[PDB]
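J.: experimental structure and sequence below, a few questions after.
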Amino acid sequence: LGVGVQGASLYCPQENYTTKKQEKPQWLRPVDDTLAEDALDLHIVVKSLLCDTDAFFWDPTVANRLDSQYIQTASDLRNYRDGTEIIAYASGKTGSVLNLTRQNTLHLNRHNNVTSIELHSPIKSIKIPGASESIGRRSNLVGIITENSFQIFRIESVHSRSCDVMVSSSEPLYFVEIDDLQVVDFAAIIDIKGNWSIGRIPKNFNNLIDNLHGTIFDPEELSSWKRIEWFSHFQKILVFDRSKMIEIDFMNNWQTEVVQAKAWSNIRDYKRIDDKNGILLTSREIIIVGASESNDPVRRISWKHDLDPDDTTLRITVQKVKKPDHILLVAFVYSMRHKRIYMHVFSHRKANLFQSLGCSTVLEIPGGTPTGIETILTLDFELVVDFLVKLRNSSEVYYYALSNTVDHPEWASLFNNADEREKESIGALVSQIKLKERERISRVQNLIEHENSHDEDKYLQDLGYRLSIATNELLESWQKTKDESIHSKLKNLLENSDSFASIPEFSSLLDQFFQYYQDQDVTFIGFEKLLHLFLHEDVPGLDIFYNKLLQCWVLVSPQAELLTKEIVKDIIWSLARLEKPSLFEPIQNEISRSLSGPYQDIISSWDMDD
Amino acid sequence: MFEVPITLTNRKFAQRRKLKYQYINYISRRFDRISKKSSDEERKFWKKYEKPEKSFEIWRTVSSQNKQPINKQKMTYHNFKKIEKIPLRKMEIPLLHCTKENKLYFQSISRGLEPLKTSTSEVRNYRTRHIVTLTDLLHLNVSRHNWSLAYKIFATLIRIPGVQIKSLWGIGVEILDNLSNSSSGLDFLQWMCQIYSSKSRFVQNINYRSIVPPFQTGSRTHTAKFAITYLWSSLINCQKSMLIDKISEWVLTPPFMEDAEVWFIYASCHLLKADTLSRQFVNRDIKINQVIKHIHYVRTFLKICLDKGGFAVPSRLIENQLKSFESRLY
Amino acid sequence: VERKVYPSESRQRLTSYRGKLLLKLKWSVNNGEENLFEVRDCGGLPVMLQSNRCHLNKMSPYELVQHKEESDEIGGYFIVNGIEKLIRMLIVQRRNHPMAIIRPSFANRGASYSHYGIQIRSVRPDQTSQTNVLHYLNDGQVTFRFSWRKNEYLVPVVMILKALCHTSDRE
Amino acid sequence: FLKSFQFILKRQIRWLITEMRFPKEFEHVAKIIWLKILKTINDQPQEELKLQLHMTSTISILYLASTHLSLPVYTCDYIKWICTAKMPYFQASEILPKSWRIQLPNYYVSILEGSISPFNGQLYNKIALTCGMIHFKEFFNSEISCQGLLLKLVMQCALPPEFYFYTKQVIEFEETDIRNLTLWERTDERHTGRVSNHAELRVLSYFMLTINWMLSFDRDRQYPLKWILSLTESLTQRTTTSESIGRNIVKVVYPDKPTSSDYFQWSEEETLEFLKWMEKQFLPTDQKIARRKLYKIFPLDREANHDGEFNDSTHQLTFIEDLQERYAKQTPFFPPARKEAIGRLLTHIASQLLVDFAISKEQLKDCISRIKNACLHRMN
Amino acid sequence: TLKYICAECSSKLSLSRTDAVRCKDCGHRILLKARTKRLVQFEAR
DNA sequence: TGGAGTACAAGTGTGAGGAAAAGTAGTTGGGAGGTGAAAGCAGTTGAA
């Protein structure tokens, strides 16, 4: 045994470099910290499938909707045969429908036969307890909780000729005390809201609650999470909430409030490990592996590791690993908000000696987020693990074997409308473009045969003259309209405004059209220093803008050639805002509106200061 | 997902704690006047309690005079029906000053229904928004065993104004697990216990937000988690250069006269001396009666570890270690 | 940030070179059924130089130079508000040894006091002293003198002899 | 507050001239726009004026000098340049005034800094107050260059450019008076109209109905099923452009919508450039020897073998290069399970279209139904 | 050119109005005044 | 056939929920302060 304890608590957070030296002079690891050392552990999925089928809150009175663990029935309490893995889950409309073999993975059976008992209430919890290794068997019964009742079932003597799973029953014992019950455990032992009782299970399915019970009722706890488990078999139950753990012995008269977690934490989940002594507790901010005590099995709180993720809906599953010199305990926490996982690898040695390794995480399937994750007992440093999930907004049950070695409904159910007169008239535009695309490929192909001709050169000669008349008219249209103190088209022509096909040759026109003007009232904005928001980089020429756009649509189009010409030309029909007046136009209005405000507004209208 | 070191404060989460802790008090003061016959509203509620300040949870061990009898007085519907009406009917006047979702949040948490919208989501600040991005990738790359990238995230995270002690010292394995061009990691723990170490009393009446005792502060009767970390990691490193006198003098200077875990390591300094010095390489005047101090310092400093509160040591095994040191003393 | 003060700083600042005094109490109520232990700060008690509680304690003459001291810094004194003061040594009576002394100031005390008397200065292990004087009176009476709270109490010897153990009159 | 808002107005306009090369006349266009909103201040008496300014007021009166010059810059580029901290928008109260800060009260400093980002179409709604407090109609021209808009939107999704005109025939068919996708004005009250009256947002709803109509209504069987899987995962491929990593910052800031926590599946190299971007947040954004001793032990630059001097020829591919990986990936060019597999690309074009334009889902969903039952409406 | 010297780190230092009397490199309160090029005369006797 | 109710839509009207740097609130926990003798020897009164 090491050195680190306190008698009530025992801590080892992430990379604290914990407090357990001893200085052993044995010349092989002269320190016995609460940490191991080895190589990595990367996790890869082995994906399979098993079965299928206000808004800002969640009701904590639900616990599970599925369970699956190895069973040993009466015929397996008689014969050599030991072990058949089953599944107990829910399906249907509101989850009120209640209903195998391992080839290499877990799979539903060949005879596709489930046991459909009809239930008249929504299902809140489905579990089978599992038995202890001091009773030698694996329990054949199953306890579930509905919204309106509390029903206990039992599997009895399944077949192999048709894989028939049949059920006996206990009756639905309705709420004679009219309060909703929260979490059951067997290991009719029940936890109602605030109070509890110990029940008696009958072997008689041919036609109950004892006079020993109690309560933990906290008047200053406003949620309704409650939780009971048998602890160390000596008739000791552990009754929880999101505030505290009470240890209650229901055989003697001896109650103890052990844990009290109101200050800066709560209690999120408490999974009872199938081991008789070692059991984990998940709180927020910390993962606790508080086991039982060696001398007197009451409670002994052991080494724990802190947990950074914070949420109100955190749970845990925990799967053992048996190895010769030690026992691992992986710890998968999960939530209802995200798809992520968080795992930690503890270790149990022979002298109740605990250690730690570290933490990792994996990814999942993008339809919703998980709500419950269940591991496989698997009937018994190249680690392996197996489990199965169930996501929210879904009802499929996948399968995973982790080892050391997005379509939204509103984007889909909004279109494709089902009328008769409106069945092909939406495609009238589809027939319209086929009337225009076949047109506008022949209208351009007039100009494509025109290459360095005189027959296309005379268009631009008329183009430099048809813009030149109405623009000097427009220049003097702004001097007559200058006494205003109160605009750009480049569609003044009406010939085609499409009848020339060259990227370098129109730049010879427009730059000569730029060398046309030198007087006032005419100003042209840049194009070789202002186009560049599309390539997001240098555009040294308007011609070499097209160059990499020619290197862009080679494989994706028929002939790939003239469309990239005409869109670059259409930017010249769209980006060319070239009718800004000269400096008399801002200056006559940068002082006139400066006069509409007084001297208070003058100095508070100020630039050119930094 | 992870915990974010932000002092994020919204009035919506501040009124709904000013709304709930008001409702806890009237229904607990109601339970006072039924069990006998059978102003801030949050500073009043915590006066019942005692915050742990050494632990996240006040662990009350069972094998003591903390035993209790079972109240078999269970709660039925007819006790639960009128103990909650008149505190709900007495809550009715501030429930219109609150927002339209706070009253809906309240009647949700009047009947259980633990919420689902966490405060880390809807802040929309652009400065806390890059905090929450950088904290998760910080915890991811340390988890993903990636150290050059996590050292770059953590150098960027600490330079944003608003961050806390939370990210600072816990994941400072990034210097401890680098060890290539390192600052050795122990100079940063020296940075922690030189500026944050204060011996103030834990005043417990003010409502603590964004600084929490058990893992980032260092008051009286609570040695800091980073202070005792700088004790153990500078004794394991002190072995692994084979300076023990440099720390045996250094531990001697604080009288941490409450806790017992610093007295074991102050015994464990001399226990490493009495293991290293007791070699002598002969096959004899001062080296024999110098170790006779170091055996006597381990024996008296282990007793004062037992004299203080709960911290058990294997003092049966240590005397098997110390007598094996004596076998070369003779 | 917590730093470390050297006595060269206490001479420029003209301040006292003080170390902090801590003093843990035992507030017990109803004779040990509920104890309340609290260490408390009792102010700075000035500190003698190159003692256990100075930072110049076991420190090279190289390092006394690097901390603004003389290389053979002597120590043995206190710094109180800049002024550099020490405690005079006193010659007192030898401890734990009775001294047969005649003194003319023994008959000052009144009637029948002779000039004779034994005097012992007994110190405790905490170096705190308590002087007993054993007078001889001329009537044959022998008394016992001690002090308590600046006051001086004369008692017979055979009330102090007989309260120490079970004494006969031959013993 | 009007004084310090002009200095921050002067400094945002200064960078667009200094690096990104918006012209030296473009400062003068917004200046009268800043001068005629002062006449709206002159329209109210100075006693209890209660002026309505916010941090969206500096994106708005920059936006109405932009498309008046018919520039190819839009709110898609005003949502990148503020989130990637390129022009002083967020924390503009911290470093800008340097003298007027000491006299500025506790709510004239918080309004003036980038406290919240524009959300649920907040950016367009200040343009509505900018088109009402001065009428942007009958003074300037509210025409947009919509071909500079659709030129950018093709190479973002890397469909063949056939859809440029196929989108264009959609817009010509629905718009009364085919041309003139104009900006709306609102001078009346606080009642933002539920019509999506803004010009650029109308183009985005016109573009949503193109990619459904040109693929679901195709009897020609020209578009194969191998191409659908090769345009989905040609658009679902993360790389190292200064656009896609500037896209990563905009994905951060918005908390409500999905694809907000997109950083859980980032690659190695994509995370480093998010931290190489973090050398552009600290330049905007007695107890100093404490942090100096911690900044010493955590140097922000790499402790050895850095990435500035002797690094590479190149690491970062340019914006023109991924299209040679986006267009060369789709070699296929020459059913009830296809009309749902049209939605695998319909929602994947949607996610890039919500967060890069700062509207919610229903601000586009209801924008569809004001257009979907208005283009079919003309026939019957 | 304003010049003091801190007595701990010997880092030369200027001290304006509304400052603490502390060094800027270290946190030291005692801080001594330097001498500049200024004329003093002596009979060499 | 000539005349009434289904609901596509649309503008009218009213407050509410959100943000932050500042301030005042509530405790502590330090600090320097400030609110007579060694011996005479005489005169005088001492006292039952």
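T.: Received it, and whenever you're ready, just let me know what you need. Residues are numbered from 1 along each chain as shown, chains lettered A, B, ... in the order given.
J.: which ones are touching the residue in chain E positioned nearest to DNA strand F?
T.: DNA strand F sits closest to residue E:29 of chain E, with a gap of 12.7 Å, by C-beta to the nearest atom of the strand. In short, each C-beta sits where N, CA and C put it, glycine included. By C-beta atoms under 8 Å, 6 or more residues apart in numbering or on different chains, the contact list for residue E:29 reads C:13, E:21, E:22.
J.: from residue B:228, how far out is it?
T.: For residue E:29, the distance to residue B:228 (C-beta to C-beta, to the nearest Å) stands at 32 Å.
J.: before we move on, what about residue A:584?
T.: 79 Å.
J.: also residue D:184?
T.: 66 Å.
J.: give me the neighbour count for the residue lying closest to residue D:56 once chain neighbours are set aside.
T.: Spatial nearest neighbour of residue D:56, excluding adjacent residues (C-beta to C-beta, 6 or more residues apart in numbering or on different chains): residue D:126 at 3.7 Å. Taking other C-beta atoms under 10 Å in any protein chain shown as the criterion, the count of residues near residue D:126 is 21.
J.: any idea which helix or strand comes after the strand or helix carrying residue D:126?
T.: Assigned by DSSP states H and E, residue D:126 falls within helix D:122-133. Moving toward the C-terminus from helix D:122-133, the next helix or strand (DSSP H and E) is helix D:147-157.
J.: ok, back up a step: now, which of the contacts of residue E:29 lie close to chain D?
T.: Applying C-beta under 8 Å from any C-beta of the partner chain to those, one finds that residue E:22 fall near chain D.
J.: which residues touch the nearest residue to residue A:327 once chain neighbours are set aside?
T.: Nearest residue to residue A:327, sequence neighbours excluded (C-beta to C-beta, 6+ apart): residue A:348, at 4.3 Å. Listed by C-beta under 8 Å, 6+ apart, the contact set of residue A:348 reads A:278, A:326, A:327, A:328, A:329, A:354.
J.: give me phi/psi at residue A:348?
T.: Main-chain dihedrals, residue A:348, degrees, to the nearest 10: phi -110, psi 120.
J.: repeat for residue A:339
T.: phi -100, psi 0.
J.: surely it is in contact with residue A:370?
T.: Yes - using C-beta atoms under 8 Å, residue A:339 is in contact with residue A:370, at 6.5 Å.
J.: could you pull up the residues touching residue B:162?
T.: Contacts of residue B:162 by C-beta under 8 Å, 6+ apart are B:5, B:6, B:7, B:127, B:128, B:131.
J.: surely residue C:152 is within a strand?
T.: Yes - checked against DSSP: H, G, I helix; E, B strand; the rest coil, residue C:152 lies within a strand.
J.: the residue nearest to it when sequence neighbours are not counted: how many residues sit nearby?
T.: Leaving out its chain neighbours, the residue that sits closest to residue C:152 by C-beta to C-beta, 6+ apart is residue C:145, at 6.8 Å. Neighbour count for residue C:145, taken as other C-beta under 10 Å: 17.
J.: so is residue C:145 in a helix, a strand, or just coil?
T.: Classified using three-state DSSP, residue C:145 is strand.
J.: circling back: neighbour-wise, which of the contacts of residue E:29 leads?
T.: residue E:22 leads the contacts of residue E:29 on contacts (other C-beta under 10 Å) with 17 neighbours.
J.: how far away is that residue from residue E:4?
T.: For residue E:22, the distance to residue E:4 - C-beta to C-beta - is 11 Å.
J.: what do the two both touch?
T.: Common neighbours of residue E:22 and residue E:4 (C-beta under 8 Å, 6+ apart) are residue E:31.
J.: for the residue lying farthest from the centre of chain A, helix, strand, or coil?
T.: Farthest-out residue of chain A from its mean C-alpha position, per C-alpha atoms, centre = their mean: residue A:480, at 66.1 Å. Using three-state DSSP, the structure places residue A:480 in coil.
J.: the residue of the stretch 1-150 of chain B found nearest chain C: neighbouring residues, count only.
T.: Going by C-beta to the nearest C-beta, chain C is nearest to residue B:65 of the stretch 1-150 of chain B, at 12.9 Å. Residue B:65 has 4 neighbours, counted by other C-beta under 10 Å.
J.: do the one 4 residues further on as well
T.: Close neighbours of residue B:69, defined as other C-beta under 10 Å, add up to 9.
J.: for stretch B:176-188, measure first residue to last.
T.: 10 Å (C-alpha to C-alpha, to the nearest Å).
J.: what residues does the stretch 151-300 of chain D have near chain A?
T.: Residues of the stretch 151-300 of chain D lying near chain A (C-beta under 8 Å from any C-beta): D:151-152, D:155, D:159-162, D:164-166, D:169-170, D:173, D:212-214, D:216-218, D:242-243, D:261, D:264-265.
J.: re the thing from before, show me just the buried residues among the contacts of residue B:162.
T.: Among the contacts of residue B:162, those buried by neighbour count (16 or more other C-beta atoms under 10 Å in any protein chain shown) are B:5, B:6, B:127, B:128, B:131.
J.: residues contacting the residue nearest to the first one when sequence neighbours are not counted?
T.: Pointing back at residue B:5 there. Nearest residue to residue B:5, sequence neighbours excluded (C-beta to C-beta, 6+ apart): residue B:164, at 3.5 Å. By C-beta under 8 Å, 6+ apart, the contact set of residue B:164 is B:5, B:6, B:7, B:210, B:211, B:216.
J.: who in chain C is up against DNA strand F?
T.: Residues of chain C lying close to DNA strand F by C-beta under 7 Å from any atom of the strand are C:15, C:41, C:43, C:44.
J.: identify the farthest-apart pair in those residues.
T.: C:15 and C:41 (18.0 Å; C-beta to C-beta).
J.: so which of those two has more stuff around it?
T.: Comparing residue C:15 with residue C:41 by other C-beta under 10 Å, the one with more neighbours is residue C:15, at 15 against 10.
J.: go ahead and confirm that one touches residue C:82.
T.: Yes - counting by C-beta under 8 Å, residue C:15 touches residue C:82, with 6.7 Å between them.
J.: out of the buried ones among the contacts of residue B:162, what pair is the most spread apart?
T.: Top of the distance list for the buried ones among the contacts of residue B:162 (C-beta to C-beta): B:5 and B:127, 12.8 Å.
J.: which one is the residue of chain E found nearest chain A nearest to, not counting chain neighbours?
T.: Per C-beta to the nearest C-beta, residue E:16 is where chain E lies closest to chain A, at 23.8 Å. Nearest residue to residue E:16, sequence neighbours excluded (C-beta to C-beta, 6+ apart): residue E:2, at 7.8 Å.
J.: now do the same contact list for the one you found.
T.: So residue E:2 contacts E:14, E:15, E:16 (C-beta under 8 Å, 6+ apart).
J.: sec struct for the closest residue to the first one other than its chain neighbours, please.
T.: In space, residue E:14 comes closest to residue E:2 once its chain neighbours are excluded; the distance is 3.9 Å by C-beta to C-beta, 6+ apart. Three-state call for residue E:2 (three-state DSSP): coil.
J.: ok so, going back, any common contacting residues for residue A:339 and residue A:370?
T.: With C-beta under 8 Å, 6+ apart as the test, residue A:339 and residue A:370 both reach A:364, A:391.
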